[PDB]
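Below: the structure, in structure tokens.
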Amino acid sequence: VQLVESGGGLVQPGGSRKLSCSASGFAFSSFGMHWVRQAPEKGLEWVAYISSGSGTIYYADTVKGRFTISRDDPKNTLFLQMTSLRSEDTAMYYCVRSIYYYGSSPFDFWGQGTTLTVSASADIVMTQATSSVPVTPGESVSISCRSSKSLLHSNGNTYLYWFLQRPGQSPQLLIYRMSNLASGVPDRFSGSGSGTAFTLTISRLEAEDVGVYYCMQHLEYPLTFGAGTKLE
Amino acid sequence: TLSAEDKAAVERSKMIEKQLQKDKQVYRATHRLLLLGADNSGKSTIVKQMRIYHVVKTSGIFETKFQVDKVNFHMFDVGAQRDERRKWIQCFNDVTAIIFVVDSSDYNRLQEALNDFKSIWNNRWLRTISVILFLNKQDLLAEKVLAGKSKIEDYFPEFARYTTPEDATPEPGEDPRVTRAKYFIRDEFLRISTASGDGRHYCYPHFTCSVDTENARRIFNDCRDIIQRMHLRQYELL
Amino acid sequence: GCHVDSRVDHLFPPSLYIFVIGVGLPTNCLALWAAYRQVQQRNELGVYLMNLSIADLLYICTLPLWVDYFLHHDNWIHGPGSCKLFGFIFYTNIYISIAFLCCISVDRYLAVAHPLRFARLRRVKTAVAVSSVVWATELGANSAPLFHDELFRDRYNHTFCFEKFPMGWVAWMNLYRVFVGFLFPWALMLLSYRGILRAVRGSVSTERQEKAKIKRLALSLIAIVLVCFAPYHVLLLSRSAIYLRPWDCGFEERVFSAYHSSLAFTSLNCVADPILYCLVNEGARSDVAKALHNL
Amino acid sequence: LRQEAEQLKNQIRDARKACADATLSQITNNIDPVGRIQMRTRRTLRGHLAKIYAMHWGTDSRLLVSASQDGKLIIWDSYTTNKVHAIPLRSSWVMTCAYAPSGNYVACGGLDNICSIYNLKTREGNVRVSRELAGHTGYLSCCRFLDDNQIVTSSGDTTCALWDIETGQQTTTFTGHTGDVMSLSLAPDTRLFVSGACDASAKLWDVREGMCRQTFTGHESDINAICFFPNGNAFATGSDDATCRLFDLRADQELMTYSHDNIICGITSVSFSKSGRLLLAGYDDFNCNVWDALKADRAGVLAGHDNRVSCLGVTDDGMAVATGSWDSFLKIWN
Amino acid sequence: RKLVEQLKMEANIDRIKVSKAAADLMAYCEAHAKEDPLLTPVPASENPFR
């Protein structure tokens, strides 16, 4: 499976662009797709989400009207209509794949990313611990998160997601719905918490376990992320 | 009320329901048929010819699609089953019709064909399932009666006192003896059909040759009658 | 205008509506129940049947007040809004019923005469769509009196409702009534049942007795509709065939007698439908017997 | 030489007669009945275009696969009535479905003579045919998973077979029946399994060896369903002679017969409860019956189906029983 | 021939008393009396079918 996305570059303020995400290697029509951006040196932010069947389209409040999301399931491409590009719109935009059913694993695959540079209330806040944890290889670490509202639901599901971002490529999913290891994640990773305070533990680190650890809530829209924690 | 994720899950269920409605529309417009017959019975020729002019080693059921006057038909002939039938025949209690093809030129295996027909007709699950019986190989029967080497009264004693029914319709002009023989065979099968019908299902006789091109139209007309009877029952008309 | 009298029309309509209530209430309820069972079995017909029962049931609920309106020598003492709503239901439910019988007959034609075809039209969803359309069209086409004078109260011991003697616009309303609420649906019913019988003729599977039975049933349906609704429209077109040379308002001999006796005789279709569409069929009686086993 | 077989059969009958001292009725007589059991419809799962033959729960007790003759496998979320998956089958005439214990696979089979195994957890979002098992010369009447890699199939040809899903060859072919095998229930430990055929007989098989360990004959007609008592030393059957029967592997006899004069239809599905105190049977008289296994009295009736119950299943933790009928509906009873 | 060998192999086995079989089945039944939701209706706050 792969998600290749393109259509970005230097754009003047007040202009418009159409970001496109070409998908291949999976059944596009049955997946919901998200656009996630992150500022040049900051954490990830959710831009939009389009559902399978296009019957549900959500946007962030910061881009509530300027941005428009669309998909072409036959031609297998995801589009983002951006208008009136202000200066908070300088970011790398990510294409994410999400499918929803009992036992599903949302946000499992993340596209490479498009860089787009522009020249010169009642939302859930997620706060990380100190964004620096220098740890020697072979030890154990306990990155932590805090949520304003209890992510536990009457269903019995707590909607906390853990992502890892190498210094290089796009983020990859590690823990979904607070305790479930994604397809391909080593058994070292383990997640736990109590509804508001969360902890992700890596049992015995390796040299490839370095990066920035982001959390995410899926309890209610919009999807807020958190600052992220760096490991060195 | 329910989380982001459940809502999405519900959406999935609704999309699945939409595809199922489409499948329901296609399923309702397609009429299903079961093809039955013996080894000497020429059902292989009928299925091959219907596949030709219209529209994997131990496989058990063969699917044969065909279309007559913009109406879709699915015809199934079982390939790799044993002699026993009383189990897998229960699956076909919702077919439009059962096409029973019989070799009318045997005279010796034809009592076994009568027994098979009485087994099909009186099945507890095949009630309300009509039977289009194809009295196949009429040309062989005609040539066999003309030749005179093999008799028919010898295997069926009652043939002597049988007289040709007045509603007989030998169209092209054929010897009276072949008409008498074929209507005797038809009358034996129809006697089995009429003995215990109770009116919930009918038997539609047809005289067939395996090469004839009219078999699809025969099935279409009989199926039209069957569906007409069911819809009469459904719309509180009888 | 000109005063007319109802010497026995204070007697026959009330004593007839009391039988209509006391019989057509439970029978139409049972027809509704059987229709619902049919709808539970993916049947495109019951959705019409339900509506028919409803088209009748509301009608029954209107009747008591008109009973009090009748036995009092045509004197309404229950208010104008009651006049508007209740007279509207009373005068419109019969046309709604006729339209639903037409729809049932067309469904039967499409099921019998042209089987193997028009599968989309024989769905529950299409029948709900056409049911909504007929309710909208009937309730909107007959809503002319809802935008006119409510009750034409008078001095000769008569306080009226949805009728004024004599008479304008009610004449053309009456012509539309007769021509596009009786003759057209009846023409469709008769033609559809003729088509059904023409198809049944060629049924090999149907023995001779069942064809005769179907013919008797179809003729009974057409005849009972015609007998219940024909005097009303004959006298209505006769009265509307005058008002459209001289004012000549002199029909006292044929105003209350004709009209009131005929509406009383028209109400009997509200008790005909449950019998003819539920209680004559064996399966519907089986469903009703299952219901009455419980209670 | 046939006289030797007759003498050996007489010897087996005599040994069974000698080993019998008391019946289950006498011994259970001093135990109270469950009384009247009222189970109600909690959820109705609509969506099948044709009649339902098979249904298998998931080991997670929430998911549920069903098979319909329209050619569709549907996975249900029993708690919410949602449709997780809809698998279009290559052959419409399915008569068996299984749900893998791991939850990764579902199997199906029917008049095609193939057991098709489906992959529910793929990198792509769809469910695909993992591979097709061929080799039976008759319709496949039941299929049960031992693990992700082994499946047991029963066929109209007398053979029951054991397959390796990796490279699909009949590793062990179990033979010895004379009629069409209809039902197939694995032991709770997955070392033995029972097969009910049309010779009115049932056999316990040893999977590792491939030999008919025991053979039970007590029925007057063909056997339609079979299931293990949770303990693993007893099993129950259903036959078209309107009776159920409970056999004990160690005692090698029949313990108690579940029959009534009023009922004259055949049993189409048999499933025990978690503790075995309730034996649930599906019938052709439009309805499902709940039996007290120890006292052999009709404890309850599950009657909400307008056609015959073709499938019946009780979840691993016993919260619900599912039943699907020829009316294209599943009902989740509690 | 093979039928005789199969029947002989099936016969030469050990059978316990049937009263012991009945006792074992009742023992299993009474052991899991509480964890059987259909026998003992759980209160309507643990069932997901409320």
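Note that chain C carries Swiss-Prot numbering, so the residues on display, from first to last, are 8-174, 176-252, 254-304.
Just so you know, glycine gets a Cβ as well, placed from its N, Cα and C.
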(request) Name the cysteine that pairs with C:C9 in a disulphide bond per Swiss-Prot, restricting the answer to C:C236, C:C258, C:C279. (result) C:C258
(message) If you follow Swiss-Prot, the disulfide involving C:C168 connects it to which of the following: C:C68, C:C90, C:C109, C:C236?
(response) C:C90
(message) On the question of membrane sidedness, does Swiss-Prot record C:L128 and C:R49 within identically named topological domains?
(response) yes
(request) Can you dig through Swiss-Prot and tell me which residue of C:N58, C:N164 is labelled N-linked glycosylation site? (result) C:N164
(message) Roughly how many Å lie between the Cα atoms of C:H269 (site 'Proton sensing') and C:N164 (N-linked glycosylation site), rounded to a whole value?
(response) 17
(request) Kindly assign C:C9 (disulfide bond) to one of the three DSSP-derived states: helix, strand or coil. (result) coil
(request) Have a look around C:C168 (disulfide bond) and count the other CB atoms within 10 A of its CB, chains all included. (result) 23
(message) Tell me which of the recorded positions C:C9, C:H155, C:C258 ends up closest to C:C168 (disulfide bond) in space, Cα to Cα.
(response) C:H155
(request) Pick the one among the disulfide-bonded residues C:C9, C:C90, C:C258 whose Cβ has the fewest other Cβ atoms within 10 Å in this structure. (result) C:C9
(request) Using C:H155 (site 'Proton sensing') as the reference point, find which of the recorded positions C:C9, C:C90, C:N164, C:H165 has the shortest Cα-to-Cα distance to it. (result) C:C90
(request) With a Cβ cut-off under 8 Å, give me the same-chain residues at least six positions beyond the ends of the topological domain 'Extracellular' (C:81-85) that come close to it. (result) 13, 17, 72, 75, 158, 160, 164-168, 265
(message) So if I measure Cβ to Cβ from C:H165 (site 'Proton sensing') and keep only same-chain residues at least 6 apart in sequence, which ones fall under 8 Å?
(response) C:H10, C:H80, C:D81, C:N82
(message) If we skip the immediate neighbours and take only residues 6+ beyond the ends of the topological domain 'Cytoplasmic' (C:211-214), which ones have a Cβ under 8 Å from one of its Cβ atoms?
(response) none
(message) Which secondary structure state does DSSP assign to C:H165 (site 'Proton sensing'), in the simple three-class scheme?
(response) strand
